[PDB]
Amino acid sequence: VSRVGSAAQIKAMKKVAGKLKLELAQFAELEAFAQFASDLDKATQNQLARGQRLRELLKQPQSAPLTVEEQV
Amino acid sequence: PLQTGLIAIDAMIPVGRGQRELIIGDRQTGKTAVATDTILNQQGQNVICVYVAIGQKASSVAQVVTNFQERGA
Amino acid sequence: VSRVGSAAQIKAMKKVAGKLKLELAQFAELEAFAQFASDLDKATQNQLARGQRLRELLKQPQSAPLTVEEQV
Amino acid sequence: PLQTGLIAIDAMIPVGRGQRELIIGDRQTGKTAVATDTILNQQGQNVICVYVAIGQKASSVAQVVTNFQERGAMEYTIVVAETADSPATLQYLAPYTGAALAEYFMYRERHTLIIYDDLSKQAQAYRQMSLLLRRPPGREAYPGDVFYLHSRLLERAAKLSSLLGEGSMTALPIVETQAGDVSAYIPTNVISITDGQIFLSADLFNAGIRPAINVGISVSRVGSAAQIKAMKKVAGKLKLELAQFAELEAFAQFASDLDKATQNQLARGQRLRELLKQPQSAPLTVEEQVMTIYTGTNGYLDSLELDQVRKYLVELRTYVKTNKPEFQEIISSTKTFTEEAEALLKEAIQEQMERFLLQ
Amino acid sequence: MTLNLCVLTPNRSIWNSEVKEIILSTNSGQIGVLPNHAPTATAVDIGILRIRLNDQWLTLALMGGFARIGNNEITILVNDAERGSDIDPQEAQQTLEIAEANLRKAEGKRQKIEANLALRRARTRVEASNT
Amino acid sequence: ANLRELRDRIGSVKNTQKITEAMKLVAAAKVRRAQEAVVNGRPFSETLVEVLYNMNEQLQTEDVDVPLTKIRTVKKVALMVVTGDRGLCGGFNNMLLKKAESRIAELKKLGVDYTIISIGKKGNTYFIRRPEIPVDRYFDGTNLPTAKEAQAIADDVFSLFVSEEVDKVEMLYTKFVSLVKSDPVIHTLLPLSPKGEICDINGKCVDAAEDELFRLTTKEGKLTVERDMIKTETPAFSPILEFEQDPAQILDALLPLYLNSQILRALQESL
Amino acid sequence: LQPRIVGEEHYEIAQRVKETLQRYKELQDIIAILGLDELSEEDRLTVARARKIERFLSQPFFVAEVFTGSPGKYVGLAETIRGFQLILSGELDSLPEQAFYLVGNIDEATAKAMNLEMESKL
Amino acid sequence: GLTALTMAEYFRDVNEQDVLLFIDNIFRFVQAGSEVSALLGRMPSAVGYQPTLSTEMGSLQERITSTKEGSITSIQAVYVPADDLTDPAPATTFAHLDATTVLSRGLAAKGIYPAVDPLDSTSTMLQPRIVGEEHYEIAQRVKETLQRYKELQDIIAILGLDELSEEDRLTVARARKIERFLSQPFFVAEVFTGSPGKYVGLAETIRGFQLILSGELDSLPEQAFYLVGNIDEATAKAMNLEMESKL
Amino acid sequence: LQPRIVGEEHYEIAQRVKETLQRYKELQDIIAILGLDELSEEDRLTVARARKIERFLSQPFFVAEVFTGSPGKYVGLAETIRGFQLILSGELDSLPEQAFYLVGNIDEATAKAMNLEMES
Ligand SMILES: Nc1ncnc2c1ncn2[C@@H]1O[C@H](COP(=O)(O)OP(=O)(O)OP(=O)(O)O)[C@@H](O)[C@H]1O
Ligand SMILES: Nc1ncnc2c1ncn2[C@@H]1O[C@H](COP(=O)(O)OP(=O)(O)OP(=O)(O)O)[C@@H](O)[C@H]1O
């Protein structure tokens, strides 16, 4: 949670990170009960390749920060 | 903004300049790593960091002091 | 619990409410178990129905008093 | 080995001369039962047994004294006793008097035993004596000394050196539990001081298994040193088969649906467990114990039934005690389970089952 | 020389070893099989079977099949095959009486097709269980 | 009493956990048995349909007019909903009843006036308590599915169809195409082609995706069904079979065999 | 309750009753979530017999006639051991599981069973 | 504990040895601290431990370090009250611990010593940029192989056996090889059980498990790696058992 | 919440809403351990109705729009009652459960269901 998060988050990060938040939230929801109901859908296969890979691009090495340009 | 250098933090849970952000988490879950990443990201910005370490092992704070000196921080 | 029991009722309600609370405890305890079942007997299912009717007749609305004649 | 007279104790969780081993478990579960079974079994040996009846009813004490007397085992047993109506002072004292008597008899080059019953009443007496003296209370009102109080009296039961006459006091105390809690202060203290523990779960006591010893928690740390050579082999076979029985306990009514191997596994484990049951105050000597465990764990009851096997095994024990007295010769003179002893036992088994299948 | 036998049912395969001589009914008549017969299809009906291979004759209670004989092997595909001894002859006579009774309670096409069926069923159980 | 009741609730959620593992393992054991029981009926139906094809070639010219494969005036469609006699399985029963209610809703607007057959206790009890559907016969799981249950349903649909009482008899049963999705396919049974290839309810001849002989395997720590398409095939033909017994009667002898084998494989695949 | 203090048949029947009840209370947290059609015949027989036994151990007291609505009862030891031999050994598994509710003797359980079934058949 | 600590830190301070300290165990120290403080009339902390729990732990633990003179390393057993890591004594012991070595009754019952549990042993040292990327990936792949086999114990070793998969048979075989290879004939198990001792250096462990994994030692018997030291000793044991196979 | 203050209809609808919510709350343990297929149809009717209610009990805020992004909606009482009556009647149970999530009036939920079947 961040109370004043979207205020201090810059315009560039705002415009690029809205859709990231939407897709990561839906991936955290679609991973739950992923097997029985939504196994071979187009949307769920695409969202698995975009919700495992989103998490792949979140991970990071310790003591190797990314300035805002590389972030966006 | 005060960017911590992490994609997730600085992406979807941003931190202002003037905002408390509690790094709550279990033992050995990476909170010290988050704090050191934040401090090392301030290599240019006029953010005079201070890192106070209550009741920690001396080898941990010595290794962090070594990191802070070697990373030009 | 009622520690005085049917010596605190008139003979009418003492007659008709003789073994009422105990048979209602029995009906509640066997309705709790008849949900752990699939097929039953018609005799016990009619017993469950009559216990449900005894259960439904005791809902009394607020500010709606019943007299002893109505009750019996 | 300090031979107990129970198959579970001497077979699985072995108690030796010197090792401390308490009986934890809920109220009215078999602690006094196995505590008297042990003492009544010691008649074949020569040891000096001590019972410390603390805080009891003064009528159970007279009852168990009458038991020890009408069974003959009072010929050596001293029973110190200080019931509940006594002050807290004498309840606190009495285990130390029992320990001093056992210490003296142990220092006369003579093996001994001592039973504490219970350390909970002793700890309650000491806690009351402390709280009356305005000593600062601690966890659940027990003062900060009940650990030192219990460790002080439990470190006195030793197997002394061979220059001091190898005397041995085997402290076998008892600490009851409330609602199945061994993580309270007094139970944790005593299970940390003592060497091994023996968990008597009252569920098994209501499940026909008497003595209600729970093998999944009960464990001793002496190991094979408290089992004779003829014992440790079949004890290993029995622990193997009983672990393979308990790990297959969930597959209860699916035994026909099971594999044939696991079906034999479940049925043989059930025969082993029904063998494990034995009545109160019925001692078994080391010949009888090795005969029972052998005929059980080697599939010589798998033709039999779960009901008959108790009558069947007592009749086999009578048959091999009366007809084949040489097994007792071999076991008590050689202390090993040799090839000729095993074959003698199998031929006794075979003729007894042939006579009994006709009955 | 010795032809092969496969008394094959839907669920299991009962007899799979060899045989030198079998005698079996058909939907119209009967047939006898000598060693080394021509490839000859066979519509075997509900009925018992006579088998002979260095032993006495035995009844195999079959209940409707088909045998596409070729060379050296007869594939007797029956939906219901069983031996005449295992079916109890008192059970066969009880089935016989039950079927003879319950033939007459059928008075329709839906009913008669379960009347002569049950009658020949008990009859061809009996014609095995006696033998 | 709070800590004791909390410990006892802990113990209850432990006992249920371990017995659920137990039911998992005995269910996987019976699955592994059932896929072997498929192979126990595999060679029969294999050579059977091979006969039904190879003997049909010289009888492609003449017309046999078998009553099992006749065309009655297409008015009614009977329905055997093949539910297991069990509960707690999951969507199996409920997806069967979904396709079942969909079929008996889909057949009401065409003007069909369908009927139903029930061969699962958890299904035939539902058809007991619902009088709107015309039920001809209830089947339970008491007789053996190896021969006896198969034969009971076989001769029952045979009695409904060979005296030509109901018009059609079709089958509603699922397969082993996966673990995470069972699909109740609707295949017709009693109007059949004399070749040995089943037709759809509309006659599509849907056996192009046959893919038979499911056998369980593991690509990783979990097990997938790995449907593992067709392995072996051994027909040739009969050169001159010079056969007796009235080829019309021969095909009317060969049809009920293949029908019973179809019903047996259906019950095994449902189970 | 001992073999040498309270007789052999009493002790065997008492430990056997406690046995089958412990079996039922162990079975309970399984048959809760599993269901009743997924036990074996020995297990369902145990469940039904324990469910008879538990009701049969309820007697309308003399002082509780105000609380029950039934004349007071006094059961002998002979009658009780007879009732538990009869319930356990199998010859009463056709009686209703409310027939053993608040009855003195096993004879009264049988007469109440006849009463229940007759009323239900009318 | 402080007695043993100062006796060890003398050896650190003046002889520059690599001192090895053993406090078996730390729970008795924490309990005795609580009992001293409870007799002193101090108001106790949350669960009942002494009010000074963390500082008493620290003033014993943070004297056990590595200086420029030498380095004292301590291996101290822990008892956890009813396996409750939420209790203050374990949760404060782990605030100074680095690794854990949870010995198994399962690998004792199977009969391969040392009886540790590899899936339950944690270390802060097992990171790539601490002990190498090679050692890191070797440990990670070994963990994944054993984690395959532990779930596959129920799958194939009980029921399935349906020619599991060659990509899964390759894991089951080498998981057998690795469970055998984890053991080692100790120096002081010689007079105990008959096993002559061997030292296996770290690089030799990494190379041995590397070649057990990499598809070079799948053909030898699974017992050619059981109770053996290095990997060359394992291949030599394979040749000697094969000489007994041709016998 | 008494029928003399809020009238009969409002208190009636509120009472039945609380009834169905508690029915789902009682079934929640059996649902969490095993699931939903084991239930009767009359039980899954209440589970489905309460799963729709538990989402329609959300309402986006005029303040918390700066957090979620969904702008604030003010909804009346006289229309909250009609929305919950349309839910409990069963004229809306066909459309999915995430349709009711984070809306205002009932037509926002129905237009949400109509809208999320356009973006295929
Ligand atoms: N993002 C990361 N990438 C690589 N390693 C990491 C990362 N985050 C944490 N670690 C490693 O995890 C270990 C524990 O992390 P960290 O020390 O930050 O947690 P902690 O709560 O401070 O632990 P403790 O409080 O016990 O010191 C450290 O060795 C650190 O190197
Ligand atoms: N092996 C056994 N077989 C049959 N009955 C037994 C057995 N062991 C104990 N009992 C019975 O259990 C009852 C209680 O036994 P015991 O007194 O040993 O329990 P306890 O825990 O010592 O009781 P308390 O907690 O009151 O001291 C006795 O009536 C005894 O007859």
# chains A, B, ... in the order shown; residues from 1 in each chain; ligands from 1

$ residues_near_ligand --ligand "ligand 1" --cutoff "10 Å" --atoms "only C-alpha atoms and all ligand atoms" --output "JSON, numbers by chain"
{"A": [59, 60, 61, 62, 63, 64], "B": [6, 23, 24, 25, 26, 27, 28, 29, 30, 31, 32, 33, 34, 35, 36, 37, 56, 57, 59, 60, 61, 64], "H": [94, 95, 96, 97, 98, 123, 124, 125, 126, 127, 128, 129, 130]}

$ residues_around --residues "residue A:52" --least-positions-apart "4" --cutoff "12 Å" --atoms "only C-alpha atoms" --output "PyMOL selection string"
chain A and resi 23-24+26-28+30-31+44-48+56-59

$ residues_near_ligand --ligand "ligand 2" --cutoff "7 Å" --atoms "only C-alpha atoms and all ligand atoms" --output "JSON, numbers by chain"
{"D": [26, 27, 28, 29, 30, 31, 32, 33, 34, 176, 210, 211, 278, 279, 280], "G": [1, 2]}

$ calpha_fit_rmsd --fixed "chain C" --moving "chain A"
1.8 Å

$ interface_residues --of "chain A" --to "chain I" --cutoff "10 Å" --atoms "only C-alpha atoms" --output "PDB file with N, CA, C and O atoms, in the first residue's frame"
ATOM      1  N   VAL A   1       0.854  -1.180   0.000  1.00  0.00           N
ATOM      2  CA  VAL A   1       0.000   0.000   0.000  1.00  0.00           C
ATOM      3  C   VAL A   1       0.890   1.231   0.000  1.00  0.00           C
ATOM      4  O   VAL A   1       1.939   1.244   0.650  1.00  0.00           O
ATOM      5  N   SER A   2       0.502   2.255  -0.756  1.00  0.00           N
ATOM      6  CA  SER A   2       1.100   3.574  -0.602  1.00  0.00           C
ATOM      7  C   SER A   2      -0.017   4.599  -0.613  1.00  0.00           C
ATOM      8  O   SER A   2      -0.806   4.639  -1.559  1.00  0.00           O
ATOM      9  N   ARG A   3      -0.094   5.409   0.444  1.00  0.00           N
ATOM     10  CA  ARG A   3      -1.132   6.428   0.536  1.00  0.00           C
ATOM     11  C   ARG A   3      -0.902   7.495  -0.519  1.00  0.00           C
ATOM     12  O   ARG A   3      -1.709   7.660  -1.440  1.00  0.00           O
ATOM     13  N   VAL A   4       0.198   8.222  -0.392  1.00  0.00           N
ATOM     14  CA  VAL A   4       0.658   9.126  -1.437  1.00  0.00           C
ATOM     15  C   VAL A   4       1.667   8.342  -2.268  1.00  0.00           C
ATOM     16  O   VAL A   4       2.879   8.498  -2.145  1.00  0.00           O
ATOM     17  N   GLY A   5       1.156   7.496  -3.149  1.00  0.00           N
ATOM     18  CA  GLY A   5       2.034   6.823  -4.074  1.00  0.00           C
ATOM     19  C   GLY A   5       1.923   7.414  -5.455  1.00  0.00           C
ATOM     20  O   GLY A   5       2.934   7.766  -6.066  1.00  0.00           O
ATOM     21  N   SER A   6       0.688   7.600  -5.924  1.00  0.00           N
ATOM     22  CA  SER A   6       0.477   8.022  -7.302  1.00  0.00           C
ATOM     23  C   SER A   6       0.727   9.508  -7.476  1.00  0.00           C
ATOM     24  O   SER A   6       0.912   9.980  -8.602  1.00  0.00           O
ATOM     25  N   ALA A   7       0.718  10.263  -6.377  1.00  0.00           N
ATOM     26  CA  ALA A   7       1.148  11.652  -6.442  1.00  0.00           C
ATOM     27  C   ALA A   7       2.621  11.757  -6.798  1.00  0.00           C
ATOM     28  O   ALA A   7       2.976  12.439  -7.764  1.00  0.00           O
ATOM     29  N   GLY A  18       0.322   1.863 -15.058  1.00  0.00           N
ATOM     30  CA  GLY A  18      -1.084   1.502 -14.928  1.00  0.00           C
ATOM     31  C   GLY A  18      -1.386   0.115 -15.473  1.00  0.00           C
ATOM     32  O   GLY A  18      -1.912  -0.752 -14.759  1.00  0.00           O
ATOM     33  N   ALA A  43      -6.867 -16.575 -23.753  1.00  0.00           N
ATOM     34  CA  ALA A  43      -6.550 -15.488 -22.837  1.00  0.00           C
ATOM     35  C   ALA A  43      -5.680 -15.976 -21.698  1.00  0.00           C
ATOM     36  O   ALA A  43      -4.775 -15.271 -21.260  1.00  0.00           O
TER      37      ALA A  43
END

$ select_by_dssp --residues "chain G" --states "helix (DSSP H, G or I)" --output "ChimeraX atom specification"
/G:3-6,8-31,41-56,65-68,77-89,106-121

$ atom_distance --atom1 "atom CA of residue H:109" --atom2 "atom CA of residue H:145"
21.0 Å

$ residues_around --residues "residue H:12" --least-positions-apart "4" --cutoff "7 Å" --atoms "only C-alpha atoms" --output "tab-separated table (two decimals) with N, CA and C atoms, in the first residue's frame"
chain	number	residue	atom	x	y	z
H	8	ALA	N	37.35	-20.60	24.44
H	8	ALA	CA	37.53	-20.65	22.99
H	8	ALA	C	38.13	-19.36	22.45
H	16	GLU	N	45.72	-17.83	17.09
H	16	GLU	CA	45.02	-17.72	15.81
H	16	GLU	C	44.70	-19.09	15.21
H	17	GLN	N	43.94	-19.86	15.97
H	17	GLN	CA	43.38	-21.10	15.47
H	17	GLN	C	42.02	-20.81	14.84
H	18	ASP	N	41.46	-21.80	14.17
H	18	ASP	CA	40.08	-21.75	13.71
H	18	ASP	C	39.27	-22.57	14.71
H	19	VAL	N	38.77	-21.90	15.73
H	19	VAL	CA	38.18	-22.52	16.91
H	19	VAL	C	36.78	-23.00	16.57
H	69	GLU	N	42.74	-11.72	13.70
H	69	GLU	CA	43.55	-12.73	14.36
H	69	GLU	C	43.14	-14.13	13.91
H	70	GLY	N	41.93	-14.54	14.27
H	70	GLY	CA	41.43	-15.84	13.89
H	70	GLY	C	39.92	-15.82	13.75
H	71	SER	N	39.27	-16.95	14.00
H	71	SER	CA	37.83	-17.03	13.78
H	71	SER	C	37.27	-18.18	14.60
H	72	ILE	N	36.34	-17.86	15.50
H	72	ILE	CA	35.65	-18.86	16.30
H	72	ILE	C	34.29	-19.13	15.69

$ residues_around --residues "residue F:270" --least-positions-apart "6" --cutoff "10 Å" --atoms "only C-alpha atoms" --output "list in words"
residues 34, 82, 83, 84, 92, 172, 173, 174, 175, 176, 182, 184 and 264 of chain F

$ closest_residue --among "F:59, F:121, F:77, F:234" --to "chain G" --atoms "only C-alpha atoms"
F:121

$ residues_around --residues "residue I:26" --least-positions-apart "6" --cutoff "12 Å" --atoms "only C-alpha atoms" --output "number ranges by chain"
I: 19-20, 32, 43, 46-47, 50

$ write_last_selection --atoms "N, CA, C and O atoms" --output "tab-separated table (two decimals), in the first residue's frame"
chain	number	residue	atom	x	y	z
I	19	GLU	N	-29.80	-13.05	5.90
I	19	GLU	CA	-30.02	-14.50	5.98
I	19	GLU	C	-29.17	-15.24	4.96
I	19	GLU	O	-28.49	-16.22	5.31
I	20	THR	N	-29.17	-14.79	3.71
I	20	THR	CA	-28.40	-15.48	2.68
I	20	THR	C	-26.91	-15.33	2.92
I	20	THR	O	-26.13	-16.27	2.67
I	32	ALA	N	-14.35	-24.18	1.66
I	32	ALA	CA	-12.92	-23.97	1.67
I	32	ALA	C	-12.15	-25.28	1.72
I	32	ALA	O	-11.06	-25.39	1.15
I	43	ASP	N	-28.64	-25.32	-2.33
I	43	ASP	CA	-27.59	-24.70	-1.54
I	43	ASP	C	-26.68	-23.83	-2.40
I	43	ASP	O	-26.27	-22.75	-1.99
I	46	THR	N	-28.15	-20.34	-2.96
I	46	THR	CA	-27.78	-19.37	-1.94
I	46	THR	C	-26.31	-19.00	-1.98
I	46	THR	O	-25.97	-17.84	-1.78
I	47	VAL	N	-25.42	-19.96	-2.26
I	47	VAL	CA	-24.00	-19.65	-2.39
I	47	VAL	C	-23.77	-18.69	-3.55
I	47	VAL	O	-22.99	-17.74	-3.43
I	50	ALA	N	-25.20	-15.18	-2.62
I	50	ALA	CA	-24.38	-14.47	-1.66
I	50	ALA	C	-23.01	-14.13	-2.25
I	50	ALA	O	-22.39	-13.15	-1.84

$ residues_around --residues "residue E:110" --least-positions-apart "4" --cutoff "10 Å" --atoms "only C-alpha atoms" --output "number ranges by chain"
E: 106, 114-115; F: 156, 158-166

$ select_by_dssp --residues "stretch 53-160 of chain H" --states "strand (DSSP E or B)" --output "NGL selection string"
:H and (66 or 71-74 or 100 or 103 or 116 or 122)

$ write_last_selection --atoms "N, CA and C atoms" --output "PDB file, in the first residue's frame"
ATOM      1  N   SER H  66      34.620 -13.582  13.603  1.00  0.00           N
ATOM      2  CA  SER H  66      35.875 -13.769  12.886  1.00  0.00           C
ATOM      3  C   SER H  66      36.602 -12.435  12.895  1.00  0.00           C
ATOM      4  N   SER H  71      39.272 -16.952  14.000  1.00  0.00           N
ATOM      5  CA  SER H  71      37.834 -17.033  13.779  1.00  0.00           C
ATOM      6  C   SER H  71      37.267 -18.175  14.598  1.00  0.00           C
ATOM      7  N   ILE H  72      36.343 -17.861  15.496  1.00  0.00           N
ATOM      8  CA  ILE H  72      35.654 -18.858  16.302  1.00  0.00           C
ATOM      9  C   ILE H  72      34.286 -19.130  15.692  1.00  0.00           C
ATOM     10  N   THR H  73      34.050 -20.375  15.297  1.00  0.00           N
ATOM     11  CA  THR H  73      32.785 -20.798  14.719  1.00  0.00           C
ATOM     12  C   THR H  73      32.078 -21.701  15.710  1.00  0.00           C
ATOM     13  N   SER H  74      30.786 -21.467  15.909  1.00  0.00           N
ATOM     14  CA  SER H  74      30.002 -22.210  16.885  1.00  0.00           C
ATOM     15  C   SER H  74      28.913 -22.981  16.161  1.00  0.00           C
ATOM     16  N   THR H 100      21.120 -23.910   9.211  1.00  0.00           N
ATOM     17  CA  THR H 100      20.534 -24.966  10.009  1.00  0.00           C
ATOM     18  C   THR H 100      20.796 -26.313   9.363  1.00  0.00           C
ATOM     19  N   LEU H 103      18.971 -32.899  11.068  1.00  0.00           N
ATOM     20  CA  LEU H 103      19.168 -34.328  10.895  1.00  0.00           C
ATOM     21  C   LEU H 103      17.819 -35.019  10.841  1.00  0.00           C
ATOM     22  N   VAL H 116      21.365 -36.196   7.776  1.00  0.00           N
ATOM     23  CA  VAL H 116      20.803 -34.868   7.600  1.00  0.00           C
ATOM     24  C   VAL H 116      19.710 -34.909   6.542  1.00  0.00           C
ATOM     25  N   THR H 122      19.036 -25.220   5.531  1.00  0.00           N
ATOM     26  CA  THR H 122      19.066 -23.893   4.940  1.00  0.00           C
ATOM     27  C   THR H 122      20.428 -23.273   5.220  1.00  0.00           C
TER      28      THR H 122
END

$ atom_distance --atom1 "atom CA of residue I:85" --atom2 "atom CA of residue I:58"
16.5 Å

$ residues_around --residues "stretch 26-32 of chain G" --least-positions-apart "3" --cutoff "10 Å" --atoms "only C-alpha atoms" --output "PyMOL selection string"
(chain C and resi 33+35-37) or (chain D and resi 203+207) or (chain F and resi 9+11-13+15-17+19-20) or (chain G and resi 20-23+35-39+43-44+46-47)

$ interface_residues --of "chain F" --to "chain D" --cutoff "9 Å" --atoms "only C-alpha atoms" --output "ChimeraX atom specification"
/F:4,15,18-19,21-23,26,29-30

$ write_last_selection --atoms "N, CA, C and O atoms" --output "PDB file, in the first residue's frame"
ATOM      1  N   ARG F   4      -7.914 -26.800  24.294  1.00  0.00           N
ATOM      2  CA  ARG F   4      -8.236 -28.191  23.998  1.00  0.00           C
ATOM      3  C   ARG F   4      -9.087 -28.312  22.745  1.00  0.00           C
ATOM      4  O   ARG F   4      -8.823 -29.172  21.898  1.00  0.00           O
ATOM      5  N   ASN F  15      -6.562 -35.380  10.356  1.00  0.00           N
ATOM      6  CA  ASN F  15      -7.112 -36.679   9.978  1.00  0.00           C
ATOM      7  C   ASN F  15      -7.784 -36.609   8.618  1.00  0.00           C
ATOM      8  O   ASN F  15      -7.660 -37.531   7.801  1.00  0.00           O
ATOM      9  N   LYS F  18      -5.009 -36.611   5.911  1.00  0.00           N
ATOM     10  CA  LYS F  18      -4.402 -37.907   5.634  1.00  0.00           C
ATOM     11  C   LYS F  18      -5.375 -38.878   4.971  1.00  0.00           C
ATOM     12  O   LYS F  18      -4.965 -39.642   4.088  1.00  0.00           O
ATOM     13  N   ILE F  19      -6.666 -38.835   5.322  1.00  0.00           N
ATOM     14  CA  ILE F  19      -7.596 -39.728   4.630  1.00  0.00           C
ATOM     15  C   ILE F  19      -7.903 -39.220   3.228  1.00  0.00           C
ATOM     16  O   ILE F  19      -8.283 -40.008   2.355  1.00  0.00           O
ATOM     17  N   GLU F  21      -5.513 -37.963   1.284  1.00  0.00           N
ATOM     18  CA  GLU F  21      -4.404 -38.619   0.590  1.00  0.00           C
ATOM     19  C   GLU F  21      -4.698 -40.097   0.362  1.00  0.00           C
ATOM     20  O   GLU F  21      -4.367 -40.651  -0.694  1.00  0.00           O
ATOM     21  N   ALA F  22      -5.327 -40.745   1.344  1.00  0.00           N
ATOM     22  CA  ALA F  22      -5.665 -42.160   1.212  1.00  0.00           C
ATOM     23  C   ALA F  22      -6.633 -42.406   0.063  1.00  0.00           C
ATOM     24  O   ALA F  22      -6.428 -43.323  -0.746  1.00  0.00           O
ATOM     25  N   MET F  23      -7.702 -41.606  -0.014  1.00  0.00           N
ATOM     26  CA  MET F  23      -8.664 -41.747  -1.102  1.00  0.00           C
ATOM     27  C   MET F  23      -8.042 -41.394  -2.440  1.00  0.00           C
ATOM     28  O   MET F  23      -8.372 -42.019  -3.452  1.00  0.00           O
ATOM     29  N   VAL F  26      -5.970 -44.658  -3.370  1.00  0.00           N
ATOM     30  CA  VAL F  26      -6.798 -45.786  -3.796  1.00  0.00           C
ATOM     31  C   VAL F  26      -7.533 -45.456  -5.090  1.00  0.00           C
ATOM     32  O   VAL F  26      -7.773 -46.345  -5.919  1.00  0.00           O
ATOM     33  N   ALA F  29      -5.045 -46.020  -7.823  1.00  0.00           N
ATOM     34  CA  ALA F  29      -4.913 -47.461  -8.023  1.00  0.00           C
ATOM     35  C   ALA F  29      -6.049 -48.005  -8.878  1.00  0.00           C
ATOM     36  O   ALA F  29      -5.815 -48.772  -9.818  1.00  0.00           O
ATOM     37  N   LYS F  30      -7.283 -47.594  -8.593  1.00  0.00           N
ATOM     38  CA  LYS F  30      -8.390 -48.072  -9.413  1.00  0.00           C
ATOM     39  C   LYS F  30      -8.385 -47.471 -10.817  1.00  0.00           C
ATOM     40  O   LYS F  30      -8.864 -48.114 -11.756  1.00  0.00           O
TER      41      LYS F  30
END
